[PDB]
Amino acid sequence: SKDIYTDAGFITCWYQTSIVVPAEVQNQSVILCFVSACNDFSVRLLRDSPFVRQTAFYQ
Amino acid sequence: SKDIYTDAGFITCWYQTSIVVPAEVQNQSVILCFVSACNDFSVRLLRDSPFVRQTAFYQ
Amino acid sequence: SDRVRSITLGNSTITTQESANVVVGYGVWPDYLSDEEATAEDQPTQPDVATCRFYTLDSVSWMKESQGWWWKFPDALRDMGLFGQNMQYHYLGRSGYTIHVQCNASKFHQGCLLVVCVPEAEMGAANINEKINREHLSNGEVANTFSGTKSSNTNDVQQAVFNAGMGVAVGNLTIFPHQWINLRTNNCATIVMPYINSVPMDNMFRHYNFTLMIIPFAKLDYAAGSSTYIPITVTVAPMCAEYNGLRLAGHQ
Amino acid sequence: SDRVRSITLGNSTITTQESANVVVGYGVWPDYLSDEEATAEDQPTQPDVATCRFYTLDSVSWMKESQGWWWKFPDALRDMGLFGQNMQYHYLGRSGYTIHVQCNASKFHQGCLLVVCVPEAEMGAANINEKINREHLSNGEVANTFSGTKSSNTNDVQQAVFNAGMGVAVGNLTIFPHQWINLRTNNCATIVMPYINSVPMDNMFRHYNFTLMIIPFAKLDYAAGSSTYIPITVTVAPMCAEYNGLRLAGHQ
Amino acid sequence: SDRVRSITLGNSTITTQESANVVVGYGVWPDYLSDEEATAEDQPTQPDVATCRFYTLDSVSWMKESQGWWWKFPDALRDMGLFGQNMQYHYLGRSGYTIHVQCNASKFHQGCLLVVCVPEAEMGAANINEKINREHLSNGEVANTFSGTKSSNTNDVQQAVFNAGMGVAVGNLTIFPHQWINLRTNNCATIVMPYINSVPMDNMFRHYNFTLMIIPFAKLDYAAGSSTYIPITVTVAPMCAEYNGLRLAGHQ
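Residues numbered from 1 in each chain as written, not as in the entry; some residues may be left out. Chains lettered and ligands numbered in written order. Part of a larger assembly, values for the part shown. Heavy atoms only, no water.

Under the PDB entry, chain C has the name Capsid protein VP2 and belongs to Echovirus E6. The title given to this PDB entry is "Cryo-EM structure of full Echovirus 6 particle at PH 7.4".

The PDB entry annotates chain A as Capsid protein VP3 of Echovirus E6.

Now the structure itself:
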């Protein structure tokens, strides 16, 4: 969760050079992004997820 | 320098086949040329270069 | 990769970068004539640098409606340096060849050539009981051209692509040493061709040894902004040429 | 294949996929200063991670009428992190460099850059008996630009491509450690540049060590539907940087 | 290079030239059922050539506004030869699969498919307290199609790409054995899929083993002169198929 004490930083992406394309080819393209953890990764303290929100039972 | 006795020959370049290019690509292109000497090359007699032309001193 | 090939014969070198392979004849590499297969008794002439080297013929233009081309090859090199002079001064000649054909395009052009090297391509006539002039079978370094339909010119070869001037099926014409120039993979086609005859040496004016044929199966096609002019260049190099029976210059 | 290259210096990494090679100086790899070639007597400062790392300069736009660009390089990194701070607090500096230039296109664009790395590029003036201001020789990370013709601005460098600001033939400017960015084969040009001076250490404000020059010989050209904006990005990494003579911050 | 792959299963062969790799399940290669994990007592049926072979499904058309497609896979092969007949005559089936998807373009087209192979893809309904008909979960060799928005048809699956019919994040759907068909590198995507169930053998009509999903993340895009029609072809081959409990033909 969010706190000021353990803040981690910023991921940013910039144009080094532009996208040069030839004629009769579309200009606007799409980047996809992926994320995973490395082999030195860990988690420590169990809690309930803040995503589960029910009101009544599931009859 | 130039003399009739040691004449060396002619460098020439010709079209074997034409430049075939697809659509939406520019037709006229550019060749660059390079020169150097091989490993059996030599020079023999020192003289002044005919390029240096001064009139007065460089005050 | 094996697509880059370099060939050196004399003081002439060809470097290619989209080659396919090299077809060598019927497996036989061109060599000199041994003493057991010899007939003539006197010393031959082996120039070996001033003769065995690449000569470049005329470039031909390949439109969308082009049908094919042929060259007769002991006769297309009549006026090509000391090979042609050594043809003019001797009576008996014997050589093999290396036939390299250049054609380039881009990745937006399409088409497909068949480069065939046919021994003894005795051609038919346009009018059946009529004699063909020599200017139509061969023209030197200038190519003769097939036609799309039944040609009926005077003293001329029957020029139809679907019979190759010989009366055969043009699809079956791949029994000979051949390659393809497909414009999406290839740039060139090298064919090493040895000496093939019924006699060990022969005269290089009275006889036609073989006939190169370049026929486009897939027609040339491109878009409305691509380059139109596409040349085709043939380069030939005699190999192991030797000469016999020196006398005065002429052919009569 | 050897076209893919990866370079790691610090916490910054460049992965390229259409590289050509890496030119290393005059054969010499950048190293520290030995005790036999030393002059100063006190302990140097070797940060080695906080200093030796890739810094990215400004991207420049390459139109069809572009002429060339230059950067002076101990001075273009004046405001680049702890390299620039360590320049500001010490009197003597000594480092080598790694100059990587990015420019990409498609297979329908054409053009050819020359990336040169010239030691001691003492430049001429537009007006001959006039003094050049420092804002025109260098501008930091902002590039200065050549002109196509004879420029005659006030207090400015003579900006002509065919003399490179130095009065020489621009074609003969390949005696220096150089590469080409040809847009049909290349994507980048890596030049490892060692320390070259007449003295073992020097001040990095009063002196200009070298000058990167990017000059397009084959002009940029494309069709009526391709992309127009083509940037050029220069990235520099100091190597084996050490520092001597610590005092207060300034340059005067 | 390793981009060319050839796969032979029976009397059917696929040769590809721009492949990427082959994903094999969760590391497990499809094999027969051992005697220790067996439940039934009688002899199984192993056809092994007349069953284990590539079957080609229907081609689907990929416009710029296409959203995705799915096939249920013990049921899309109901009317595919002796595999479908052996499904119709036995009670218990067990097999693995090889899923090969073809899609080609040129170097001027762009786009990116995700080919997923999801076990137990129990799908939701468009109306929540309503029963789904079987013609909408599966249609045989004919594909069902996702929609871009919230679909609310009668007796139909909730067709939205951003929930994949299952109520999950579609970006997290790569935990399953998957590949990508990126049109600038790829041409095909081969997925070897073993047998996954909670029981050793099962009926191939009452159960749905898995669901192939082909979803375009990067939308298809091209210029005003390129080709419009781009098909997508799915080919499937059962592997190590065996059958148990022979009785009359039917499913009721």
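Caption draft 1: Fine view of the overall build of chain C. Helix and strand content of chain C: two helices and 13 strands. Taken along its principal axes, the extent of the C-alpha atoms in chain C is 60 × 55 × 30 Å. Residue burial in chain C is summarised as follows: out of 252 residues, 48% are buried. Across chain C, every contact between residues at least 6 apart in sequence was considered, and the portion connecting residues at least 24 apart equals 81%. (Helix = DSSP H or I, 4+ residues; strand = E, 2+ residues; numbered from the N terminus. Buried < 20%, exposed > 50% of the residue type's maximum accessible area, 1.4 Å probe, protein only. Contact = heavy atoms within 4.5 Å.)

Caption draft 2: Structural context of the overall build of chain A. Looking only at helices and strands, chain A has zero helices and zero strands in total. Computed over its C-alpha atoms, the radius of gyration of chain A comes to 22 Å, more than 25% above the 10 Å expected for a compact globule of 59 residues. Expressed along its principal axes, the backbone C-alpha trace of chain A runs to roughly 60 × 40 × 25 Å. For chain A, buried positions account for 12% of its 59 residues. Accessible area of chain A: about 6,800 Å², with a carbon and sulfur share of 58%. (Rg over C-alpha atoms; globule rule 2.2 N^0.38 Å. Areas by Shrake-Rupley, 256 points an atom, 1.4 Å probe, with all protein chains shown as cover.)

Caption draft 3: Looking closely at the interface of chain A and chain D. Facing twelve residues of chain A, the contacting portion of chain D comprises 21 residues. Taken over both partners, the interface formed by chain A and chain D buries close to 1,100 Å², and the fraction arising from carbon and sulfur atoms is 56%. When the buried area of chain A at its contact with chain D is split by residue, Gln-16, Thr-17 and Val-20 of chain A rank highest and sum to 51% of it. At the boundary of chain A and chain D, one finds zero salt bridges. (Buried area = accessible area lost by both parts, 1.4 Å probe. Salt bridge = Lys/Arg side-chain N within 4 Å of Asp/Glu carboxyl O.)

Caption draft 4: Summary view of helix α1 (residues 81-89) of chain D. Those residues of α1 of chain D not exposed but buried are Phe-83, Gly-84, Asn-86, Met-87 and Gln-88 of chain D. On the buried face of α1 of chain D, the contacting elements are β4 (55-56), β7 (90-102) and β13 (231-246) of chain D.

Caption draft 5: Spatial organisation of the interface of chain D and chain B. In this assembly, ten residues from chain D lie in contact with nine residues from chain B. For the chain D and chain B pair, buried surface summed over both sides reaches about 740 Å², with 65% attributable to carbon and sulfur atoms. Three residues, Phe-108, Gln-110 and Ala-223 of chain D, lead the burial of chain D against chain B; their summed loss comes to 50% of the area buried on that side. The tally of links from chain D across to chain B stands at zero salt bridges. For the side of chain D that touches chain B, the element with the highest residue contribution is strand β12 (residues 210-221) of chain D, accounting for three residues. Grouping the constituent residues of the side of chain D that touches chain B by class yields seven nonpolar, two polar and one charged. (Nonpolar A, V, L, I, M, F, W, Y, C, P; charged D, E, K, R; others polar.)

Caption draft 6: Main features of the sheet that holds strand β12 (residues 210-221) of chain E. All names here are of chain E. The sheet built from five strands is open, its strands ordered β9-β6-β12-β8-β10 with antiparallel pairing. One side of each edge strand has no neighbouring strand; the edge strands of this open sheet are β9 (144-145) and β10 (178-182). Two elements, strand β8 (residues 110-119) and β12, share nine bridges in a ladder whose sense is antiparallel. Opposite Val-116, over in β12, you have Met-213 as the bridge partner. (Pairing = 2+ DSSP bridges.)

Caption draft 7: Structural view of a nonpolar patch on the surface. Residues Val-30, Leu-32 and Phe-34 of chain A together with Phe-217 of chain E make up a contiguous nonpolar surface patch of about 390 Å² in total accessible area. As for its placement among the helices and strands, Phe-217 of chain E is situated in strand β12. (Patch = residues over 30% accessible without salt bridge, like charges linked within 9 Å, V, L, I, M, F, W, Y side chains within 5 Å.)

Caption draft 8: How the structure looks around the packing of aromatic side chains. Within this structure, the stated rule accounts for 23 aromatic pairs over all chains. A ring pair is formed by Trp-70 of chain E and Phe-146 of chain E, whose centres lie 4.6 Å apart and whose planes are at 55°; its orientation type is tilted. A residue pair is termed long-range when its members are at least 10 positions apart, and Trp-70 of chain E in strand β6 (residues 69-72) and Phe-146 of chain E in the loop between β9 and β10 qualify at 76 residues. Each member of the pair, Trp-70 of chain E together with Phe-146 of chain E, is buried. Here the guanidinium or amino end of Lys-64 of chain C rests over the ring plane of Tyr-222 of chain C, the centre of that ring lying 4.6 Å away. (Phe/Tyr/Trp six-rings, centres within 6.5 Å; stacked < 30°, edge-to-face > 60°. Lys NZ or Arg CZ within 6 Å of the ring centre and 35° of its normal.)

Caption draft 9: Representation of the pairing of strand β7 (residues 90-102) of chain E in the model. Residues and elements named next belong to chain E. Burial runs high along β7: eleven of the 13 residues are buried. Two elements, β7 and strand β13 (residues 231-246), share eleven bridges in a ladder whose sense is antiparallel. Each bridged residue has a counterpart across the sheet, and for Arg-94 the counterpart in β13 is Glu-242. The pairing of β7 with strand β11 (residues 188-193) spans six bridges and is antiparallel.

Caption draft 10: How the structure looks around the nonpolar core. All names here are of chain D. Core analysis: the largest hydrophobic core is formed by 40 residues, its most contacted members being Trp-71, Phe-73, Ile-99, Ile-214 and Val-234. For this core, the secondary structure elements donating two or more residues are β6 (69-72), α1, β7, β8 (110-119), β11 (188-193), β12 and β13. A total of five residues in this core trace back to one element, the largest contributor, which is β13. The residues touching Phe-73, leaving out its near neighbours within four places in the chain, are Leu-57, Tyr-97, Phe-210, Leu-212, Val-234 and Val-236. (Core = buried A, V, L, I, M, F, W, Y, C linked by side-chain atoms within 4.5 Å.)

Caption draft 11: A look at the environment of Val-116 of chain D. Residues and elements named next belong to chain D. Note that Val-116 resides in strand β8. Taking the C-alpha atoms as reference, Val-116 lies 7.2 Å from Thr-174; in sequence the two are 58 residues apart. Discounting residues that sit within four places of it in the chain, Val-116 has contacts with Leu-173, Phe-176, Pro-177, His-178, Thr-211, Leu-212 and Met-213.

Caption draft 12: Quick look at the layout of surface pockets. All names here are of chain E. Roughly 340 Å³ of internal volume is contained in the second largest pocket. Forming the boundary of the second largest pocket are 13 residues, of which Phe-205, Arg-206, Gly-250, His-251 and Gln-252 lie nearest the centre. Looking at side-chain class alone, the lining of the second largest pocket contains four nonpolar, four polar and five charged residues. (1 Å grid on protein atoms, 1.4 Å probe; cavity = no way out; pocket = protein on both sides within 12 Å on 5 of 7 lines; lining within 4 Å. Points joined across faces, edges and corners; volume = space filled by probe spheres on them.)

Caption draft 13: Spotlight on the side chain of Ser-12 of chain E. Residue and element names in this part refer to chain E. By the secondary structure assignment, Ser-12 is in the loop between β1 (5-8) and β2 (13-16). Taking the relative accessible area as the measure of exposure, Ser-12 reaches 10% and is therefore buried. Looking at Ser-12, its side chain comes within polar contact range of the main-chain oxygen of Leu-9, at 3.0 Å. One polar contact links the side chain of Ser-12 to the main-chain amide nitrogen of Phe-54, over a distance of 3.1 Å. Sequence-distant contacts of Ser-12, that is, excluding residues within four places in its chain, are made with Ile-7, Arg-53 and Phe-54. (Polar contact = N/O pair within 3.5 Å; in protein donor to acceptor, adjacent residues only side chain to side chain.)

Caption draft 14: Molecular detail of the pairing of strand β1 (residues 5-8) of chain C. For β1 of chain C and strand β2 (residues 13-16) of chain C, the ladder comprises four bridges, and the chain directions are antiparallel. Residue pairing for β2 of chain C: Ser-6 of chain C is matched across the bridge by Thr-15 of chain C.

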